[PDB]
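A.B. asks: Here it is, the structure, as structure tokens.
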Amino acid sequence: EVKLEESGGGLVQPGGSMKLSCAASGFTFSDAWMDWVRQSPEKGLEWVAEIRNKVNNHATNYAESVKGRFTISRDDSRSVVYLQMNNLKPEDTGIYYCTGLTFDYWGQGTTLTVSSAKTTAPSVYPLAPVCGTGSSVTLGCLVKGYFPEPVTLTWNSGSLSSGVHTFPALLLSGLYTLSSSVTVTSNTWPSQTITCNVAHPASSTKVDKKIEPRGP
Amino acid sequence: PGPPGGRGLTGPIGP
Amino acid sequence: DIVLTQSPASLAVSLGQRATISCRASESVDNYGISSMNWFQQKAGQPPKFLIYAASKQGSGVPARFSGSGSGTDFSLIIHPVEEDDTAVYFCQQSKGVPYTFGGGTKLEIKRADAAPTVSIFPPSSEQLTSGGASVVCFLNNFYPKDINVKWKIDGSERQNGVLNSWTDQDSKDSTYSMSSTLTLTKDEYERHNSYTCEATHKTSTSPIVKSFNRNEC
């Protein structure tokens with residue numbers, strides 16, 4: 001089973017540096033050609049860098065827009081690819097994927113944000129139904145005022161996954177807001193406890209909010 | 001056109 | 001650079017029908033008798049997944065309904081028969097020359113019967129009110145098509161400042177969309193009015209679906 005996990009993303013100021021790591025397994029790593037690819041709404045999918053195998057002299061190549069600033073490297077003894085990024089610019093913001101066998105295999109990606117704005121933890125608010133009525137009941141969770149992306153949101157730690165809609169984050173004058181709705185049958189809640197779980201890696205924030213019915 | 005191998009099925013072709 | 005231009009930008013296909021997606025390269029991607037054109041599927045929240053390579057060859061464990069054709073500068077991805085789970089963005093990608101380049105992506109939407117939204121309204125939480133903020137939320141869940149209008153009213157009076165609407169991507173199982181609409185106020189303004197209403201107007205009815213509460217009640 002092939003497995004790529006990238007790490008080291010986060011927030012950094014324009015002009016600063018960041019080093020991404022890619023841990024790989026499930027294929028002969030020393031034979032693999034590895035790459036980094038990034039994705040943004042503005043530019044779509046952009047190939048960033050390539051590093052070939054030992055037989056091809058660990059030969060590197062780069063996208064014109066990152067030449068001189070980005071350095072790809074690898075440690076064949078640890079099955080890791082690195083991407084050293086210097087003099088970062090706001091246009092380098094995006095999701096960075098590590099890929100193996102050129103683009104046969106892809107990691108889940110790590111998010112890089114290049115901005116002079118500051119890290120801010122989310123506030124997490126439970127949304128119980130209106131004070132006071134069908135067969136089904138809908139609950140919610142509001143994650144407000146965080147930077148940078150991303151957050152992860154689950155319900156009962158992953159156990160409750162069907163009937164869930166987690167809405168894409170939007171920018172509200174410098175800070176991100178998102179929501180999740182969950183819909184269960186009326187006998188389920190409030191009898192069984194439903195909890196919203198929010199993590200924001202950049203601020204080391206992990207928060208659980210139980211959805212309590214409203215008291216007047 | 002040797003087999004791809006490390007290059008991957010999506011990778012460029014050699015020689 | 002070899003520039004890949006996909007068409008169409010998006011596409012709505014019924015279950016069991018054919019989806020045809022094109023990719024044009026600015027120069028030839030032919031290379032030792034093999035066209036280096038790959039195709040990827042990107043489902044919501046996920047990395048691109050590799051489907052087709054060398055124009056027409058099937059990736060490992062990729063269903064038979066995905067096939068690719070073409071050579072030189074003109075390629076296509078054909079999906080037939082289309083299923084619910086094929087809702088995704090599809091990218092072409094070129095390995096003839098460095099820099100490796102991707103197309104802009106083509107969004108495949110799966111068509112289904114029109115469905116009105118289930119609407120739920122949520123006043124601000126106790127916790128948010130003690131912060132000094134006030135956010136009123138409407139979820140509009142499990143509807144089709146994506147196109148929808150939501151109108152917020154405060155004491156009957158329409159309100160357009162401070163409203164933010166975010167849609168999910170089309171669901172892989174039931175082919176519906178859902179949407180959050182969030183009216184953000186200052187606490188002081190929230191406590192100056194009593195009646196909050198969100199009105200959803202959808203293709204399925206000229207009559208809007210109205211959901212409402214009063215701040216006093218319970």
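Numbering starts fresh at 1 for the residues of each chain in the structure tokens, the chains themselves are lettered A, B, ... in the order given, and ligands are numbered from 1 as they appear.
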Give me, as JSON, numbers by chain, all polymer residues having an atom no more than 8 Å from segment 76-85 of chain A, counting only C-alpha atoms and skipping those fewer than 5 positions away in the same chain.

C.D. replies: {"A": [17, 18, 19, 20, 21, 22, 23, 24, 25, 29, 30, 34, 36, 69, 70, 71]}

A.B. asks: Dump N, CA and C atoms for the selected residues as a PDB file, in the first residue's frame?

C.D. replies:
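Once written, again17.pdb looks like this:
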```
ATOM      1  N   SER A  17      11.110  31.967   4.938  1.00  0.00           N
ATOM      2  CA  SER A  17      11.422  30.622   4.501  1.00  0.00           C
ATOM      3  C   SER A  17      10.568  29.554   5.167  1.00  0.00           C
ATOM      4  N   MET A  18      10.431  28.431   4.468  1.00  0.00           N
ATOM      5  CA  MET A  18       9.695  27.276   4.953  1.00  0.00           C
ATOM      6  C   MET A  18      10.214  26.012   4.281  1.00  0.00           C
ATOM      7  N   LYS A  19      10.279  24.917   5.034  1.00  0.00           N
ATOM      8  CA  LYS A  19      10.755  23.635   4.521  1.00  0.00           C
ATOM      9  C   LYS A  19       9.654  22.596   4.655  1.00  0.00           C
ATOM     10  N   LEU A  20       9.207  22.061   3.521  1.00  0.00           N
ATOM     11  CA  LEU A  20       8.203  21.015   3.504  1.00  0.00           C
ATOM     12  C   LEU A  20       8.893  19.657   3.469  1.00  0.00           C
ATOM     13  N   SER A  21       8.273  18.653   4.098  1.00  0.00           N
ATOM     14  CA  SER A  21       8.790  17.272   4.127  1.00  0.00           C
ATOM     15  C   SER A  21       7.753  16.330   3.559  1.00  0.00           C
ATOM     16  N   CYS A  22       8.219  15.252   2.945  1.00  0.00           N
ATOM     17  CA  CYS A  22       7.337  14.249   2.382  1.00  0.00           C
ATOM     18  C   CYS A  22       7.853  12.883   2.759  1.00  0.00           C
ATOM     19  N   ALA A  23       7.116  12.170   3.609  1.00  0.00           N
ATOM     20  CA  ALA A  23       7.461  10.802   4.018  1.00  0.00           C
ATOM     21  C   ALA A  23       6.745   9.818   3.104  1.00  0.00           C
ATOM     22  N   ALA A  24       7.484   8.866   2.523  1.00  0.00           N
ATOM     23  CA  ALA A  24       6.926   7.911   1.566  1.00  0.00           C
ATOM     24  C   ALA A  24       7.194   6.458   1.951  1.00  0.00           C
ATOM     25  N   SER A  25       6.267   5.575   1.585  1.00  0.00           N
ATOM     26  CA  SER A  25       6.437   4.137   1.771  1.00  0.00           C
ATOM     27  C   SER A  25       5.570   3.369   0.780  1.00  0.00           C
ATOM     28  N   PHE A  29      11.800   3.430  -2.912  1.00  0.00           N
ATOM     29  CA  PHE A  29      11.971   4.878  -2.869  1.00  0.00           C
ATOM     30  C   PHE A  29      13.184   5.354  -3.669  1.00  0.00           C
ATOM     31  N   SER A  30      14.300   4.651  -3.554  1.00  0.00           N
ATOM     32  CA  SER A  30      15.522   5.033  -4.271  1.00  0.00           C
ATOM     33  C   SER A  30      15.377   5.003  -5.800  1.00  0.00           C
ATOM     34  N   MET A  34      10.398  11.655  -7.750  1.00  0.00           N
ATOM     35  CA  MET A  34       9.461  12.370  -6.881  1.00  0.00           C
ATOM     36  C   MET A  34       9.294  13.822  -7.341  1.00  0.00           C
ATOM     37  N   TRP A  36       6.935  17.779  -6.448  1.00  0.00           N
ATOM     38  CA  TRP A  36       5.973  18.590  -5.710  1.00  0.00           C
ATOM     39  C   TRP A  36       5.083  19.329  -6.711  1.00  0.00           C
ATOM     40  N   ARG A  69      14.727  30.170  -5.870  1.00  0.00           N
ATOM     41  CA  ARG A  69      14.110  30.322  -4.563  1.00  0.00           C
ATOM     42  C   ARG A  69      13.794  28.994  -3.887  1.00  0.00           C
ATOM     43  N   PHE A  70      13.420  27.983  -4.668  1.00  0.00           N
ATOM     44  CA  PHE A  70      13.012  26.667  -4.149  1.00  0.00           C
ATOM     45  C   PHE A  70      14.103  25.641  -4.441  1.00  0.00           C
ATOM     46  N   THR A  71      14.312  24.726  -3.504  1.00  0.00           N
ATOM     47  CA  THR A  71      15.268  23.642  -3.662  1.00  0.00           C
ATOM     48  C   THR A  71      14.610  22.333  -3.247  1.00  0.00           C
TER      49      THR A  71
END
```

A.B. asks: Pick out the residues sitting within 9 Å of residue 6 of chain B, and hand them over as a ChimeraX atom specification; count only C-alpha atoms, and ignore anything fewer than 6 positions along from it in its own chain.

C.D. replies: /A:28-34,52-53,100-102

A.B. asks: Which residues are close to residue 114 of chain C, i.e. within 12 Å by only C-alpha atoms, leaving aside same-chain residues fewer than 6 positions away? Reply as a compact mmCIF listing (two decimals) with N, CA, C and O atoms, in the first residue's frame.

C.D. replies:
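Output file around-v3.txt follows:
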```txt
# COMPACT_ATOMS: atom_id res chain seq x y z
N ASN C 142 -29.61 19.57 0.89
CA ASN C 142 -30.05 18.49 -0.01
C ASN C 142 -31.01 18.94 -1.12
O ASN C 142 -32.13 18.41 -1.24
N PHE C 143 -30.55 19.91 -1.92
CA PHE C 143 -31.35 20.44 -3.03
C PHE C 143 -30.64 20.28 -4.37
O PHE C 143 -29.42 20.06 -4.42
N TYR C 144 -31.43 20.38 -5.44
CA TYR C 144 -30.90 20.36 -6.80
C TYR C 144 -31.89 21.12 -7.70
O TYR C 144 -33.09 20.88 -7.60
N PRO C 145 -31.44 22.01 -8.59
CA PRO C 145 -30.02 22.29 -8.89
C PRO C 145 -29.34 23.24 -7.92
O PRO C 145 -29.98 23.75 -7.01
N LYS C 146 -28.04 23.48 -8.14
CA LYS C 146 -27.21 24.32 -7.27
C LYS C 146 -27.74 25.75 -7.13
O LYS C 146 -27.63 26.36 -6.08
N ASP C 147 -28.32 26.26 -8.21
CA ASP C 147 -28.77 27.64 -8.24
C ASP C 147 -29.85 27.93 -7.19
O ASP C 147 -30.89 27.28 -7.17
N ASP C 174 -26.05 11.11 -3.32
CA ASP C 174 -27.39 11.59 -3.73
C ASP C 174 -27.42 12.74 -4.76
O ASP C 174 -28.49 13.25 -5.07
N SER C 175 -26.25 13.16 -5.24
CA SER C 175 -26.14 14.19 -6.30
C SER C 175 -26.74 15.58 -5.96
O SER C 175 -27.00 16.38 -6.86
N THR C 176 -26.91 15.89 -4.67
CA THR C 176 -27.48 17.17 -4.25
C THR C 176 -26.41 18.14 -3.79
O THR C 176 -25.27 17.76 -3.53
N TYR C 177 -26.83 19.39 -3.68
CA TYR C 177 -26.03 20.43 -3.08
C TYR C 177 -26.67 20.82 -1.76
O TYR C 177 -27.87 20.59 -1.54
N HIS C 202 -36.13 28.84 -4.77
CA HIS C 202 -35.49 27.80 -5.56
C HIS C 202 -36.33 27.47 -6.78
O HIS C 202 -37.54 27.65 -6.76
N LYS C 203 -35.66 26.99 -7.82
CA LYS C 203 -36.28 26.51 -9.08
C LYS C 203 -37.58 25.68 -8.89
O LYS C 203 -38.49 25.75 -9.71
N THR C 204 -37.63 24.92 -7.80
CA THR C 204 -38.74 24.03 -7.47
C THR C 204 -40.04 24.70 -7.08
O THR C 204 -41.05 24.03 -7.03
N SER C 205 -40.03 25.99 -6.78
CA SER C 205 -41.26 26.70 -6.40
C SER C 205 -41.12 28.20 -6.59
O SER C 205 -40.08 28.77 -6.27
```

A.B. asks: Using only C-alpha atoms, what does the table of chain C residues within 9 Å of chain B look like, with each row giving the shortest atom pair and its distance in Å to one decimal, sorted by chain and ascending number, as CSV?

C.D. replies:
```
residue,atom,partner,partner_atom,distance
C:31,CA,B:13,CA,7.4
C:32,CA,B:1,CA,6.9
C:33,CA,B:1,CA,8.9
C:34,CA,B:13,CA,8.5
C:36,CA,B:12,CA,7.1
C:37,CA,B:10,CA,8.1
C:38,CA,B:10,CA,6.3
C:50,CA,B:10,CA,8.2
C:52,CA,B:10,CA,8.4
C:53,CA,B:10,CA,5.8
C:54,CA,B:10,CA,7.4
C:59,CA,B:9,CA,8.3
C:93,CA,B:10,CA,8.9
C:94,CA,B:10,CA,8.7
C:95,CA,B:12,CA,5.0
C:96,CA,B:12,CA,6.0
C:97,CA,B:12,CA,7.6
```

A.B. asks: I need the chosen residues saved as a PDB file, in the first residue's frame, with N, CA, C and O atoms.

C.D. replies:
```pdb
ATOM      1  N   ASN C  31       5.656  11.585 -28.646  1.00  0.00           N
ATOM      2  CA  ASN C  31       6.922  11.330 -27.994  1.00  0.00           C
ATOM      3  C   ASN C  31       7.216   9.842 -28.155  1.00  0.00           C
ATOM      4  O   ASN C  31       6.631   9.014 -27.449  1.00  0.00           O
ATOM      5  N   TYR C  32       8.072   9.491 -29.105  1.00  0.00           N
ATOM      6  CA  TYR C  32       8.425   8.078 -29.357  1.00  0.00           C
ATOM      7  C   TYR C  32       7.179   7.192 -29.620  1.00  0.00           C
ATOM      8  O   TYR C  32       7.046   6.108 -29.054  1.00  0.00           O
ATOM      9  N   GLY C  33       6.261   7.676 -30.459  1.00  0.00           N
ATOM     10  CA  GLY C  33       5.035   6.938 -30.803  1.00  0.00           C
ATOM     11  C   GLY C  33       3.950   6.842 -29.737  1.00  0.00           C
ATOM     12  O   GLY C  33       2.944   6.163 -29.939  1.00  0.00           O
ATOM     13  N   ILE C  34       4.144   7.529 -28.613  1.00  0.00           N
ATOM     14  CA  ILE C  34       3.216   7.532 -27.486  1.00  0.00           C
ATOM     15  C   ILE C  34       2.886   8.990 -27.189  1.00  0.00           C
ATOM     16  O   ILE C  34       3.790   9.819 -27.079  1.00  0.00           O
ATOM     17  N   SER C  36       2.062  11.555 -24.559  1.00  0.00           N
ATOM     18  CA  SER C  36       2.148  11.713 -23.095  1.00  0.00           C
ATOM     19  C   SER C  36       1.050  12.635 -22.576  1.00  0.00           C
ATOM     20  O   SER C  36       1.323  13.762 -22.185  1.00  0.00           O
ATOM     21  N   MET C  37      -0.183  12.136 -22.573  1.00  0.00           N
ATOM     22  CA  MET C  37      -1.318  12.833 -22.002  1.00  0.00           C
ATOM     23  C   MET C  37      -1.920  11.947 -20.933  1.00  0.00           C
ATOM     24  O   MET C  37      -2.267  10.817 -21.208  1.00  0.00           O
ATOM     25  N   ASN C  38      -2.028  12.467 -19.720  1.00  0.00           N
ATOM     26  CA  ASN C  38      -2.649  11.771 -18.610  1.00  0.00           C
ATOM     27  C   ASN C  38      -3.932  12.504 -18.222  1.00  0.00           C
ATOM     28  O   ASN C  38      -4.092  13.688 -18.526  1.00  0.00           O
ATOM     29  N   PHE C  50      -5.133   9.587 -10.382  1.00  0.00           N
ATOM     30  CA  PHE C  50      -4.698   9.321 -11.725  1.00  0.00           C
ATOM     31  C   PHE C  50      -5.618   8.242 -12.323  1.00  0.00           C
ATOM     32  O   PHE C  50      -5.883   7.202 -11.698  1.00  0.00           O
ATOM     33  N   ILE C  52      -6.033   7.886 -16.371  1.00  0.00           N
ATOM     34  CA  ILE C  52      -5.615   7.470 -17.698  1.00  0.00           C
ATOM     35  C   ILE C  52      -4.175   7.936 -17.909  1.00  0.00           C
ATOM     36  O   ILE C  52      -3.796   8.999 -17.432  1.00  0.00           O
ATOM     37  N   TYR C  53      -3.381   7.136 -18.613  1.00  0.00           N
ATOM     38  CA  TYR C  53      -2.041   7.542 -19.028  1.00  0.00           C
ATOM     39  C   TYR C  53      -1.781   7.193 -20.463  1.00  0.00           C
ATOM     40  O   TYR C  53      -2.477   6.359 -21.046  1.00  0.00           O
ATOM     41  N   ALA C  54      -0.766   7.835 -21.023  1.00  0.00           N
ATOM     42  CA  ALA C  54      -0.422   7.668 -22.431  1.00  0.00           C
ATOM     43  C   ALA C  54      -1.670   7.752 -23.316  1.00  0.00           C
ATOM     44  O   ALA C  54      -1.891   6.912 -24.161  1.00  0.00           O
ATOM     45  N   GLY C  59      -5.446   3.363 -15.857  1.00  0.00           N
ATOM     46  CA  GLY C  59      -4.759   3.260 -14.569  1.00  0.00           C
ATOM     47  C   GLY C  59      -5.208   2.031 -13.803  1.00  0.00           C
ATOM     48  O   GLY C  59      -6.271   1.469 -14.095  1.00  0.00           O
ATOM     49  N   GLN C  93      -3.222  16.462 -18.350  1.00  0.00           N
ATOM     50  CA  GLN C  93      -1.867  16.781 -17.918  1.00  0.00           C
ATOM     51  C   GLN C  93      -0.834  16.160 -18.850  1.00  0.00           C
ATOM     52  O   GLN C  93      -1.006  15.043 -19.316  1.00  0.00           O
ATOM     53  N   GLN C  94       0.260  16.876 -19.069  1.00  0.00           N
ATOM     54  CA  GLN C  94       1.169  16.610 -20.174  1.00  0.00           C
ATOM     55  C   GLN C  94       2.562  16.284 -19.624  1.00  0.00           C
ATOM     56  O   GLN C  94       3.059  16.991 -18.757  1.00  0.00           O
ATOM     57  N   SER C  95       3.174  15.196 -20.090  1.00  0.00           N
ATOM     58  CA  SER C  95       4.528  14.795 -19.657  1.00  0.00           C
ATOM     59  C   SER C  95       5.523  14.715 -20.811  1.00  0.00           C
ATOM     60  O   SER C  95       6.574  14.090 -20.684  1.00  0.00           O
ATOM     61  N   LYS C  96       5.208  15.371 -21.919  1.00  0.00           N
ATOM     62  CA  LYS C  96       6.110  15.422 -23.060  1.00  0.00           C
ATOM     63  C   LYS C  96       7.357  16.229 -22.752  1.00  0.00           C
ATOM     64  O   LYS C  96       8.457  15.822 -23.079  1.00  0.00           O
ATOM     65  N   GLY C  97       7.164  17.382 -22.126  1.00  0.00           N
ATOM     66  CA  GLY C  97       8.249  18.297 -21.814  1.00  0.00           C
ATOM     67  C   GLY C  97       8.108  18.990 -20.471  1.00  0.00           C
ATOM     68  O   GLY C  97       6.998  19.211 -19.988  1.00  0.00           O
TER      69      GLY C  97
END
```

A.B. asks: Would you kindly return, as an MDAnalysis selection string, each protein, DNA or RNA residue with an atom no farther than 6 Å from any atom of residue 122 of chain A, considering only C-alpha atoms and excluding same-chain residues fewer than 4 positions away?

C.D. replies: chainID A and resid 144:146

A.B. asks: Filtering to N, CA, C and O atoms, could you give me those residues as a PDB file, in the first residue's frame?

C.D. replies:
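Output file out.pdb is given in full below:
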```pdb
ATOM      1  N   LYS A 144     -15.562  30.409  13.717  1.00  0.00           N
ATOM      2  CA  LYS A 144     -15.465  31.809  13.299  1.00  0.00           C
ATOM      3  C   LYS A 144     -14.146  32.471  13.689  1.00  0.00           C
ATOM      4  O   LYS A 144     -13.623  32.263  14.786  1.00  0.00           O
ATOM      5  N   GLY A 145     -13.615  33.262  12.753  1.00  0.00           N
ATOM      6  CA  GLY A 145     -12.517  34.187  13.017  1.00  0.00           C
ATOM      7  C   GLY A 145     -11.129  33.582  13.168  1.00  0.00           C
ATOM      8  O   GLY A 145     -10.392  33.971  14.080  1.00  0.00           O
ATOM      9  N   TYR A 146     -10.759  32.660  12.270  1.00  0.00           N
ATOM     10  CA  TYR A 146      -9.433  32.022  12.321  1.00  0.00           C
ATOM     11  C   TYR A 146      -8.562  32.397  11.142  1.00  0.00           C
ATOM     12  O   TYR A 146      -9.058  32.798  10.091  1.00  0.00           O
TER      13      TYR A 146
END
```

A.B. asks: Fewer than 2 positions away in the same chain doesn't count, so skip those; otherwise give me all residues within 8 Å of residue 174 of chain A, counting only C-alpha atoms, as a list in words.

C.D. replies: residues 117, 147, 171, 172 and 176 of chain A

A.B. asks: Include N, CA and C atoms and write out the residues we just selected as a tab-separated table (two decimals), in the first residue's frame.

C.D. replies:
```tsv
chain	number	residue	atom	x	y	z
A	117	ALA	N	-0.41	38.86	7.74
A	117	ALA	CA	-1.42	38.68	8.80
A	117	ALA	C	-0.96	37.66	9.84
A	147	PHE	N	-7.26	32.27	11.34
A	147	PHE	CA	-6.29	32.45	10.26
A	147	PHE	C	-4.98	31.75	10.65
A	171	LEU	N	-13.73	34.18	3.56
A	171	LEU	CA	-12.94	35.26	4.14
A	171	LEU	C	-13.87	36.40	4.58
A	172	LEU	N	-13.85	36.75	5.87
A	172	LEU	CA	-14.72	37.79	6.47
A	172	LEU	C	-13.81	38.87	7.09
A	176	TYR	N	-11.12	33.76	8.54
A	176	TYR	CA	-11.96	32.69	7.98
A	176	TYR	C	-13.11	32.27	8.90
```

A.B. asks: So how many Å separate atom CA of residue 200 of chain A and atom CA of residue 151 of chain A, to one decimal?

C.D. replies: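 So the answer is 4.7 Å.
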
A.B. asks: Could you please tell me, as a PyMOL selection string, which residues of chain C have an atom within 8 Å of chain A when using only C-alpha atoms?

C.D. replies: chain C and resi 46-50+99-105+120-125+127-128+139+164+166-168+178-180+213+217-218

A.B. asks: Would you export the selected residues with C-alpha atoms as a compact mmCIF listing (two decimals), in the first residue's frame, please?

C.D. replies:
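What ended up in again02.txt:
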```
# COMPACT_ATOMS: atom_id res chain seq x y z
CA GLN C 46 -9.10 15.18 -2.10
CA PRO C 47 -5.95 15.16 -4.18
CA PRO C 48 -6.04 14.44 -7.87
CA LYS C 49 -6.28 10.73 -8.63
CA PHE C 50 -4.70 9.32 -11.72
CA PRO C 99 7.58 22.08 -17.30
CA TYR C 100 4.88 19.48 -16.79
CA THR C 101 1.54 21.24 -17.16
CA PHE C 102 -2.10 20.69 -16.29
CA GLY C 103 -5.27 21.88 -17.96
CA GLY C 104 -7.65 24.19 -16.12
CA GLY C 105 -10.05 21.41 -15.16
CA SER C 120 -33.19 25.25 9.14
CA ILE C 121 -32.64 28.53 10.99
CA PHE C 122 -30.34 29.05 13.96
CA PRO C 123 -30.14 32.06 16.23
CA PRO C 124 -26.76 33.04 17.70
CA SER C 125 -25.37 30.77 20.46
CA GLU C 127 -21.41 31.81 23.80
CA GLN C 128 -21.16 34.07 20.73
CA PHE C 139 -28.75 25.76 6.37
CA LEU C 164 -22.18 35.12 3.30
CA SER C 166 -21.10 28.91 0.94
CA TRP C 167 -22.15 25.80 -1.04
CA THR C 168 -20.87 22.25 -0.66
CA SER C 178 -26.31 22.06 0.33
CA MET C 179 -25.64 25.65 1.37
CA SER C 180 -24.97 27.75 4.45
CA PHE C 213 -37.76 32.96 14.75
CA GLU C 217 -39.53 33.30 22.28
CA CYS C 218 -38.76 30.46 24.55
```

A.B. asks: What does the structure give for the distance between atom CA of residue 12 of chain C and atom CA of residue 26 of chain C, in Å to one decimal?

C.D. replies: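 Separation between atom CA of residue 12 of chain C and atom CA of residue 26 of chain C: 26.9 Å.
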
A.B. asks: Atom CA of residue 151 of chain C and atom CA of residue 188 of chain C are how many Å apart?

C.D. replies: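 So the answer is 21.7 Å.
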
A.B. asks: Using DSSP assignments from the backbone, pull out every residue in segment 20-200 of chain A that falls under strand (DSSP E) and give it to me as number ranges by chain.

C.D. replies: A: 20-25, 34-40, 44-51, 60-62, 70-75, 80-85, 94-100, 105-106, 110-114, 123-127, 136-146, 152-155, 164-166, 170-172, 175-185, 195-200

A.B. asks: Taking the DSSP secondary structure from the backbone, can you list the residues of segment 4-206 of chain C that are helix (DSSP H, G or I), as a list in words?

C.D. replies: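 After running DSSP on the backbone, segment 4-206 of chain C has helix (DSSP H, G or I) at residues 84, 85, 86, 126, 127, 128, 129, 130, 131, 187, 188, 189 and 190 of chain C.
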